[PDB]
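*Asks:* Sequential numbering of the sequence shown, starting at 24, is according to the working numbering.
All C-beta atoms, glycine included, are put in the ideal place defined by N, C-alpha and C.
Before I ask anything, let me first share the structure, which is written out below as structure tokens.
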Amino acid sequence: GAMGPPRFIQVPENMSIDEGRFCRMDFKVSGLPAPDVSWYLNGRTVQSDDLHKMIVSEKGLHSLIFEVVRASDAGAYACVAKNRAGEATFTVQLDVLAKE
Numbered sequence: 024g025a026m027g028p029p030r031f032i033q034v035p036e037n038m039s040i041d042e043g044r045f046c047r048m049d050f051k052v053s054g055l056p057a058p059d060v061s062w063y064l065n066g067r068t069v070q071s072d073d074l075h076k077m078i079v080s081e082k083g084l085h086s087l088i089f090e091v092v093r094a095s096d097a098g099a100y101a102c103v104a105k106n107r108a109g110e111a112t113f114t115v116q117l118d119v120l121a122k123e
């Protein structure tokens with residue numbers, strides 16, 4: 024039937040995580056058709072990998088995971104969601120608590 028752009032629903036708060044733990048971020052996302060999504064940190068891009076996993080449910084929930092976080096991963100993360108009808112953009116901070 025009808026379709027439309029991605030929009031805001033819910034974003035995570037500024038996290039603070041002990042060095043070497045598992046952690047995750049979870050962004051609710053609602054647009055039709057299902058948007059393409061890209062990621063950033065401090066003004067440059069972030070690709071996915073085996074420790075930096077990226078998945079999105081058809082139920083409208085995008086997840087961004089850290090298998091083993093390190094002090095160099097700290098900063099302002101962002102992402103952008105795009106479909107044929109429009110664009111939306113989201114931001115969060117990560118304060119990685121070192122153990123030196």
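Work out the CA separation of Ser61 and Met38 for me, nearest whole Å.
*Replies:* In the sequence shown, residue 38 corresponds to position 15, counting from 1. In the sequence shown, residue 61 corresponds to position 38, counting from 1. Answer to the nearest angstrom: the Cα atoms are 20 Å apart.
*Asks:* Measure from the alpha carbon of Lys82 to the alpha carbon of each residue in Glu36, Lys76 and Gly54, then state which is nearest.
*Replies:* As a first step, residue 82 must be located in the sequence shown, where it is residue number 59. Of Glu36, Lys76 and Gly54, the residue nearest in Cα terms is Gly54.
*Asks:* Starting from the C-beta of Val103, find all residues in its chain whose C-beta is less than 6 Å away, skip the five residues before and the five after it, and write them out in chain order.
*Replies:* Sequence index remark: in the sequence shown, residue 103 carries index 80 (1-based). Only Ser61 and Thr112 meet the Cβ criterion.
*Asks:* Report the partner residues of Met48 according to the DSSP bridge assignment.
*Replies:* Locating residue 48 in the sequence shown gives position 25, where the first residue counts as 1. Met48 is bridged to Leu87.
*Asks:* Which value, in whole angstroms, describes the spacing of the CA atoms of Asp96 and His85?
*Replies:* Within the sequence shown, numbered from 1, the residue matching residue 96 stands at position 73. Within the sequence shown, numbered from 1, the residue matching residue 85 stands at position 62. Whole-angstrom Cα-Cα distance: 20 Å.
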